[PDB]
Amino acid sequence: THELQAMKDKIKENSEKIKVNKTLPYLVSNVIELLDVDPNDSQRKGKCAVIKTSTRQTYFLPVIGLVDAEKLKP
Amino acid sequence: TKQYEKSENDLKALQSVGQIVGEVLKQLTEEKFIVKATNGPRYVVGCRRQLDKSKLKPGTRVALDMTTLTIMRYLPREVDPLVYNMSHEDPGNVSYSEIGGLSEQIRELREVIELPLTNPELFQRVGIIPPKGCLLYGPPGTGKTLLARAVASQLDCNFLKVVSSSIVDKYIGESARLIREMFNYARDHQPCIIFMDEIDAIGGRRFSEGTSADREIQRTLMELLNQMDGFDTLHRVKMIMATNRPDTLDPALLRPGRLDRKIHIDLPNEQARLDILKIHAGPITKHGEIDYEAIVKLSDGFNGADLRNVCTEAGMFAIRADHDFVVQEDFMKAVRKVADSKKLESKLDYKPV
Amino acid sequence: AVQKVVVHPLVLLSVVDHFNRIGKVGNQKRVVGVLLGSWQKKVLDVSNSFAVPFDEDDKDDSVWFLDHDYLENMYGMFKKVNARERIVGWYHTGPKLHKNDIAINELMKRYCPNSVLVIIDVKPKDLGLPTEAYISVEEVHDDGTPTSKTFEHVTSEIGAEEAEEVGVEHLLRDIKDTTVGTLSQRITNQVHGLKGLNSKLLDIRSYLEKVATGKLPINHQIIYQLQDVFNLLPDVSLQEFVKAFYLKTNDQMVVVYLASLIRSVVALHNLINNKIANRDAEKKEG
Amino acid sequence: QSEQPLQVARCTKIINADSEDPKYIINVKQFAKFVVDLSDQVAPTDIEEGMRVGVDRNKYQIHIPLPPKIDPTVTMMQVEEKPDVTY
Ligand SMILES: Nc1ncnc2c1ncn2[C@@H]1O[C@H](COP(=O)(O)OP(=O)(O)O)[C@@H](O)[C@H]1O
Ligand SMILES: Nc1ncnc2c1ncn2[C@@H]1O[C@H](COP(=O)(O)OP(=O)(O)O)[C@@H](O)[C@H]1O
């Protein structure tokens with residue numbers, strides 16, 4: 001029952017890694033949002049998201065990471 | 001405590017880098033598929049082992065690895081602007097009856113739009129081709145924008161408004177493609193409806209050509225033509241068009257097809273203006289003394305908003321006295337006198353057809 | 001459960017170089033460490049690992065212990081640097097497991113749902129692909145005895161991905177590669193054939209030796225059924241096996257016919273063109 | 001020897017907003033837009049919004065703000081100096 005402080009230490013150490021890898025906001029970007037899951041054709045789970053950039057590029061990424069689909073539509 | 005570690009384990013999945021978007025162009029062999037980055041370099045890579053090329057096909061939006069660039073995951077359809085043109089909402093519905101006149105403007109547009117949707121058999125019963133669009137114009141009288149706005153939430157079904165402004169897109173005004181990019185979901189979400197205000201300034205003539213910003217205009221027009229010039233059937237989309245004048249559009253638009261029907265508004269009759277004041281006099285409560293024809297016979301040759309706003313302005317001009325309820329006395333003065341000032345700039349409002 | 005495991009040369013060397021670690025100080029027993037596996041699917045893959053100091057008394061041949069702080073924070077080290085890596089079990093150098101190796105897996109079953117133990121071999125001798133794989137499972141028995149754990153053998157294969165291929169493929173510097181079609185298949189006919197001879201030979205030598213010495217059980221159980229599976233197919237003709245003979249003869253027809261066709265094409269082109277350029281070079285220069 | 005320090009001060013970049021003390025977002029004409037921090041030599045209250053600044057584009061720090069913006073030599077043609085032709 002005393003391991004709650006130990007888990008508090010591992011979430012402080014890993015959130016310290018969230019302080020060094022947030023991962024930091026630097027480059028400005030814009031979003032494109034969608035929901036997906038992969039049946040095959042074995043079965044797995046997950047979700048994806050899309051993004052814009054300041055360099056005009058676009059990327060296909062497993063769902064953010066860090067904050068979630070909570071907000072927003074892009 | 002445990003949920004925080006869950007968000008930590010969430011972050012243990014996030015160090016994995018996001019892949020690169022891709023469009024599968026065509027294919028060569030099972031290890032080689034023509035693909036291009038959004039920035040233009042074309043590649044041929046291998047797939048992952050779960051997929052069949054029936055799950056890919058040429059001309060398919062996909063994703064690639066960040067190093068091997070291998071085909072892994074995908075989504076068929078995406079875009080930014082589409083749904084964000086949907087969300088404008090008009091109170092009514094019942095605003096249908098709140099536009100006052102006019103019947104053959106009101107009623108015919110129902111037969112022009114509604115019945116095509118529900119009963120295309122009644123088109124093939126006679127054999128007539130379905131009208132795929134509609135056109136308003138003006139502004140004698142007014143209401144071209146609200147009657148649209150009203151019918152959108154009235155007719156219900158699916159409708160998507162086209163904001164006429166941002167299309168120019170600053171750099172590289174090629175955004176006529178976005179109409180296809182919008183038409184593609186109009187072929188997906190079909191049926192769906194489109195209102196367009198201001199087709200005239202995007203109706204550029206290239207009459208006597210000049211400078212630069214006209215060239216991007218006329219080019220953005222060529223697609224609008226070809227999109228309706230198909231090679232395609234847009235019938236499940238209903239294109240509604242209204243603007244200042246139906247003149248500069250050049251004859252390409254002015255023919256049916258692109259412009260399916262001729263509908264417009266004129267100065268509402270004082271008989272119909274008698275009704276336009278009711279929907280103005282409804283939301284305002286006063287002392288019970290009213291003669292509707294008084295303002296109708298005094299105030300003459302106006303528009304619904306012009307009447308209403310000044311009628312409300314009269315109530316606002318009359319409430320300047322700080323008293324609450326106001327008889328038409330002030331209104332038989334204010335609306336009379338105030339609109340006289342408003343009819344000073346009624347000059348030069350009469351435009352070609 | 002676990003069907004087959006993929007053992008890279010990196011984990012094997014990671015045990016053997018630790019056999020140099022405690023081998024220079026010696027002496028007896030074996031090299032035991034914690035296995036880091038990667039499970040993408042029913043087929044198991046192995047990438048990295050780490051070894052922990054281990055000692056086992058003989059007195060008391062059933063006494064064993066490992067350092068959990070080493071397993072804990074180093075897993076915290078390797079999971080940190082690589083989030084894909086996790087412990088799928090443990091390993092030891094054998095060569096033959098003593099009966100005490102079961103409880104090691106039973107202790108680390110709290111870490112992983114199923115811990116597969118990998119016996120390895122530091123000194124290559126016989127008979128073939130080294131090491132071994134045993135998965136922890138409860139098979140009970142057909143005799144209805146109280147449930148006991150006899151580890152089932154998991155087939156092990158050697159593979160790599162990219163960089164682990166780069167290192168060893170340059171490190172061979174020994175024998176010709178492959179070469180495809182000539183020496184390859186026939187040396188495999190020697191190895192797989194002859195190592196298959198002495199395999200079942202020594203294995204049938206154990207079949208009779210276990211009946212001669214080592215009873216009980218020993219014999220039972222699987223002896224009668226397994227040996228009858230050996231007696232399933234003798235298997236000779238008559239009849240249809242005679243039909244397969246000249247049918248196989250009819251199969252070699254086409255390929256050897258094609259062989260004579262390549263002979264005519266290769267002889268035509270090469271001989272004609274060479275004699276042309278030969279007689280021409282001689283008559284023009286001479 | 002004086003080259004290595006201050007040489008990476010590229011690129012001249014205008015800022016956008018500062019939500020709180022540590023954070024800034026800066027925007028350039030290279031198309032690079034970044035929400036990024038400062039070098040400790042720069043105080044928060046001494047800086048203006050939409051201000052051309054120097055930056056080390058590796059960290060994307062705040063090196064120094066530069067007042068000038070536009071305009072090219074048509075100014076320096078229009079802008080004139082020196083005396084002559086007195087009373
Ligand atoms: N009875 C009415 N009440 C309020 N607004 C009205 C009424 N009748 C017409 N309108 C206005 O007229 C607008 C469309 O006319 P438009 O041509 O855009 O105006 P204008 O003639 O001033 O250019 C509608 O958006 C609507 O707001
Ligand atoms: N058989 C026909 N003969 C002449 N015009 C037609 C015929 N069928 C359709 N049209 C009209 O031609 C228009 C499309 O013609 P198209 O050649 O694509 O336009 P554009 O010549 O501007 O490229 C439609 O609006 C339609 O009204």
# chains A, B, ... in the order shown; residues from 1 in each chain; ligands from 1
>>> residues_near_ligand(ligand="ligand 2", cutoff="10 Å", atoms="only C-alpha atoms and all ligand atoms", output="list in words")
residues 222, 223, 224, 225, 226, 227, 228, 229, 230, 231, 251, 252, 253, 254, 255, 256, 257, 258, 259 and 260 of chain B
>>> residues_around(residues="residue 62 in chain A", least_positions_apart="3", cutoff="7 Å", atoms="only C-alpha atoms", output="count of residues only")
4
>>> closest_residue(among="B:270, B:293, B:216, B:198", to="ligand 1", atoms="only C-alpha atoms and all ligand atoms")
B:198
>>> interface_residues(of="chain D", to="chain A", cutoff="7 Å", atoms="only C-alpha atoms", output="PyMOL selection string")
chain D and resi 31-36
>>> write_last_selection(atoms="N, CA and C atoms", output="PDB file, in the first residue's frame")
ATOM      1  N   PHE D  31       9.672  31.023 -44.146  1.00  0.00           N
ATOM      2  CA  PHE D  31       8.507  30.167 -43.921  1.00  0.00           C
ATOM      3  C   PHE D  31       8.582  29.471 -42.567  1.00  0.00           C
ATOM      4  N   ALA D  32       9.693  29.590 -41.845  1.00  0.00           N
ATOM      5  CA  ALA D  32       9.846  28.933 -40.555  1.00  0.00           C
ATOM      6  C   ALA D  32       9.063  29.692 -39.490  1.00  0.00           C
ATOM      7  N   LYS D  33       8.150  28.997 -38.817  1.00  0.00           N
ATOM      8  CA  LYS D  33       7.374  29.571 -37.728  1.00  0.00           C
ATOM      9  C   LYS D  33       7.547  28.688 -36.504  1.00  0.00           C
ATOM     10  N   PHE D  34       7.989  29.283 -35.397  1.00  0.00           N
ATOM     11  CA  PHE D  34       8.370  28.516 -34.220  1.00  0.00           C
ATOM     12  C   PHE D  34       7.838  29.165 -32.950  1.00  0.00           C
ATOM     13  N   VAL D  35       7.377  28.329 -32.020  1.00  0.00           N
ATOM     14  CA  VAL D  35       7.024  28.750 -30.667  1.00  0.00           C
ATOM     15  C   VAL D  35       8.177  28.308 -29.776  1.00  0.00           C
ATOM     16  N   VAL D  36       9.012  29.249 -29.339  1.00  0.00           N
ATOM     17  CA  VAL D  36      10.338  28.893 -28.847  1.00  0.00           C
ATOM     18  C   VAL D  36      10.834  29.952 -27.871  1.00  0.00           C
TER      19      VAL D  36
END
>>> interface_residues(of="chain A", to="chain C", cutoff="12 Å", atoms="only C-alpha atoms", output="list in words")
residues 10, 13, 14, 17, 42, 43 and 44 of chain A
>>> write_last_selection(atoms="N, CA and C atoms", output="short mmCIF file (atom, residue, chain, number, x, y, z; two decimals), in the first residue's frame")
data_model
loop_
_atom_site.label_atom_id
_atom_site.label_comp_id
_atom_site.auth_asym_id
_atom_site.auth_seq_id
_atom_site.Cartn_x
_atom_site.Cartn_y
_atom_site.Cartn_z
N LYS A 10 7.92 7.56 -10.05
CA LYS A 10 8.13 7.18 -11.44
C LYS A 10 7.34 8.07 -12.39
N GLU A 13 9.53 11.21 -12.41
CA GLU A 13 10.72 11.04 -13.23
C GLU A 13 10.37 10.99 -14.71
N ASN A 14 9.28 10.31 -15.05
CA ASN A 14 8.87 10.24 -16.45
C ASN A 14 8.22 11.54 -16.90
N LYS A 17 10.86 13.62 -17.79
CA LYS A 17 11.13 13.36 -19.20
C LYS A 17 10.05 13.96 -20.09
N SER A 42 -2.64 -10.26 -36.98
CA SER A 42 -4.09 -10.34 -37.05
C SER A 42 -4.73 -9.00 -36.71
N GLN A 43 -5.83 -9.04 -35.97
CA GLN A 43 -6.53 -7.83 -35.58
C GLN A 43 -5.71 -7.05 -34.55
N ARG A 44 -5.61 -5.74 -34.75
CA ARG A 44 -4.88 -4.86 -33.85
C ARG A 44 -5.71 -3.60 -33.60
#
>>> residues_near_ligand(ligand="ligand 1", cutoff="8 Å", atoms="only C-alpha atoms and all ligand atoms", output="MDAnalysis selection string")
chainID B and resid 98:100 137:147 149 243:244 276:277 279:280 303:309
>>> interface_residues(of="chain B", to="chain C", cutoff="10 Å", atoms="only C-alpha atoms", output="NGL selection string")
:B and (12-13 or 15-16)
>>> residues_around(residues="range 52-56 of chain B", least_positions_apart="2", cutoff="10 Å", atoms="only C-alpha atoms", output="list in words")
residues 41 of chain A; 23, 24, 25, 26, 27, 30, 33, 47, 48, 49, 50, 58, 59, 60, 61, 62, 71, 73, 74, 75 and 76 of chain B
>>> select_by_dssp(residues="range 195-299 of chain B", states="alpha helix (DSSP H)", output="VMD selection string")
chain B and resid 213 to 228 250 to 254 270 to 281 292 to 298
>>> interface_residues(of="chain A", to="chain B", cutoff="8 Å", atoms="only C-alpha atoms", output="PyMOL selection string")
chain A and resi 4+7-8+10-11+14-15+32+40-41+50+57-62+64-66+74
>>> select_by_dssp(residues="chain D", states="strand (DSSP E or B)", output="list in words")
residues 13, 14, 15, 16, 17, 25, 26, 27, 33, 34, 35, 52, 53 and 65 of chain D
>>> atom_distance(atom1="CA of residue 36 in chain C", atom2="CA of residue 89 in chain C")
6.9 Å
